[PDB]
Amino acid sequence: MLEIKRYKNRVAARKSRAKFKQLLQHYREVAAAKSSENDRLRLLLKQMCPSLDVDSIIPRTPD
Amino acid sequence: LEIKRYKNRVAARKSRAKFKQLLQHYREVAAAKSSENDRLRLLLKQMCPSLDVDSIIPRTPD
DNA sequence: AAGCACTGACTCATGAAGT
DNA sequence: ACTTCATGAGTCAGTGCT
């Protein structure tokens with residue numbers, strides 16, 4: 001039994017490791033996408049409400 | 001007996017923390033930005049009620 | 001250079017969720 | 001309690017950095 005169990009775990013570790021690498025790639029992209037969107041919404045709000053100090057209301061967060 | 005097993009054991013832990021930390025970091029940044037964006041979308045709605053912002057800047061698929 | 005730290009991958013032992 | 005897949009950590013092999 002140990003032989004096949006060992007083989008199957010070798011497959012699961014490969015899958016787990018690839019799963020973590022893709023997860024990191026994914027959140028790296030989403031962080032950037034959300035950050036750019038944040039910049040777009042702050043600019044649109046400024047265009048529509050030229051008299052509103054957005055940065056003072058909803059302070060920016062680092063990245 | 002005797003091996004440089006100790007050094008690599010430490011390096012392995014370090015390499016895994018670096019990655020785990022990076023992942024946690026991006027996750028936090030992503031979550032932080034998302035909440036901020038939801039507050040911005042609400043502010044724009046309550047400031048410019050008759051504006052379809054989603055048709056200008058659709059919500060990012062988290 | 002040439003040695004030391006970094007990382008990919010295999011194995012072990014446990015963890016977590018569904019039966 | 002059993003079965004299975006997922007994962008944190010030690011270890012070895014190969015890589016990369018200075």
Side-chain angles (χ1 to χ4, degrees), chain A, chain B residues 3-62:
Chain A
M1 301 182 273
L2 184 59
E3 188 195 76
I4 190 65
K5 187 176 75 176
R6 179 172 295 145
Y7 165 74
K8 284 156 63 65
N9 188 246
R10 192 189 306 141
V11 171
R14 287 166 188 166
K15 179 182 180 190
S16 187
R17 271 176 280 116
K19 176 190 166 185
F20 276 117
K21 287 296 182 177
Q22 61 87 181
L23 208 51
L24 176 73
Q25 200 284 308
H26 175 79
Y27 282 119
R28 200 183 219 290
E29 300 182 311
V30 163
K34 293 293 190 176
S35 189
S36 60
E37 171 185 300
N38 177 283
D39 293 347
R40 293 197 58 178
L41 287 149
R42 285 176 182 285
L43 190 60
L44 174 56
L45 183 54
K46 197 64 179 179
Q47 296 192 319
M48 305 310 280
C49 303
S51 49
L52 187 60
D53 192 328
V54 186
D55 300 80
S56 300
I57 299 176
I58 304 179
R60 290 165 166 287
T61 288
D63 299 63
Chain B
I3 295 294
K4 60 288 178 58
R5 224 160 292 179
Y6 176 67
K7 293 295 182 179
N8 190 240
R9 189 182 313 126
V10 170
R13 295 173 191 179
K14 181 177 176 180
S15 186
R16 285 168 178 142
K18 167 188 170 182
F19 176 78
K20 286 299 185 179
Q21 293 193 63
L22 268 179
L23 169 60
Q24 185 179 53
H25 174 67
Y26 290 139
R27 223 174 184 183
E28 289 167 350
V29 173
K33 298 307 178 120
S34 288
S35 60
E36 192 171 305
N37 278 20
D38 296 357
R39 298 207 294 285
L40 287 165
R41 283 173 178 288
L42 185 58
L43 186 57
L44 189 52
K45 189 66 178 180
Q46 54 193 303
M47 289 305 275
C48 303
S50 62
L51 173 58
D52 195 302
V53 183
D54 306 306
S55 295
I56 304 176
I57 307 176
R59 295 171 174 288
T60 300
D62 316 303

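Every chain is numbered from 1 and lettered A, B, ... according to where its sequence line falls, protein lines coming before strand lines.
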- By side-chain hydrogen bond (donor to acceptor under 3.5 Å, both in side chains), A:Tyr27 pairs with (sequence neighbours left out) none

- Task: Check DNA chain C against residues 22-31 of chain A and give the residues with a non-hydrogen atom under 4.0 Å, in numerical order.
- Result: none

- Item | Residues that A:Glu29 engages under side-chain hydrogen bond (donor to acceptor under 3.5 Å, both in side chains), provided they are two or more places apart | A:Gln25

- When you check every protein heavy atom under 4.0 Å of nucleotides 2-11 of chain D, what one-letter string (B, S, -) results, 5' to 3'? ---SBBSBBB

- Any chance you could pull the hydrophobic cluster mates of B:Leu42, using side-chain heavy atoms under 4.5 angstrom and chaining through other members? none

Could you go through residues 11-23 of chain A and list every donor-acceptor pair under 3.5 Å that involves a side-chain atom there, pairing it with any protein atom two or more places apart or in another chain?
{"from": "A:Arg17", "atom 1": "NE", "to": "A:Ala13", "atom 2": "O", "distance (Å)": "3.4"}

- Query: Which angle, to the nearest 10 degrees, lies between the helix axes at the two ends of the helix from C:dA2-D:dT18 to C:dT19-D:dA1, each defined by five pairs?
  - Reply: 30°

Can you give me every donor-acceptor pair (side chain of residues 46-62 of chain A, partner residue at least two apart or in another chain, under 3.5 Å) with its distance?
{"from": "A:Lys46", "atom 1": "NZ", "to": "A:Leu52", "atom 2": "O", "distance (Å)": "2.5"}
{"from": "A:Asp53", "atom 1": "OD1", "to": "A:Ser56", "atom 2": "N", "distance (Å)": "3.2"}
{"from": "A:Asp53", "atom 1": "OD1", "to": "A:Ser56", "atom 2": "OG", "distance (Å)": "2.8"}
{"from": "A:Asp53", "atom 1": "OD2", "to": "A:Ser56", "atom 2": "OG", "distance (Å)": "2.9"}
{"from": "A:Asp55", "atom 1": "OD2", "to": "A:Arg60", "atom 2": "NE", "distance (Å)": "2.6"}
{"from": "A:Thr61", "atom 1": "OG1", "to": "B:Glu36", "atom 2": "OE1", "distance (Å)": "3.0"}

- Minimal heavy-atom distance between A:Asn38 and B:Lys33, with the atoms involved, is ND2-O, 4.5 Å

- Task: Go through the structure and list residues passing side-chain hydrogen bond (donor to acceptor under 3.5 Å, both in side chains) with B:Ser34, not counting sequence neighbours.
- Result: none

- Task: Could you tell me whether the side chain of B:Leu23 reaches within less than 4.5 Å of the side chain of A:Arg28, counting heavy atoms only?
- Result: no

- Among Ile, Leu, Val, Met, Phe, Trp and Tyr joined by side-chain contacts under 4.5 Å, find the other residues sharing a cluster with A:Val30 and list them by chain and number. none

Under-3.5 Å N/O pairs linking protein and nucleotides 15-18 of chain D:
none

- Outermost contacting nts on DNA chain C, any atom under 4.0 Å from chain B heavy atoms, listed 5' then 3', are C:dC6 to C:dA9

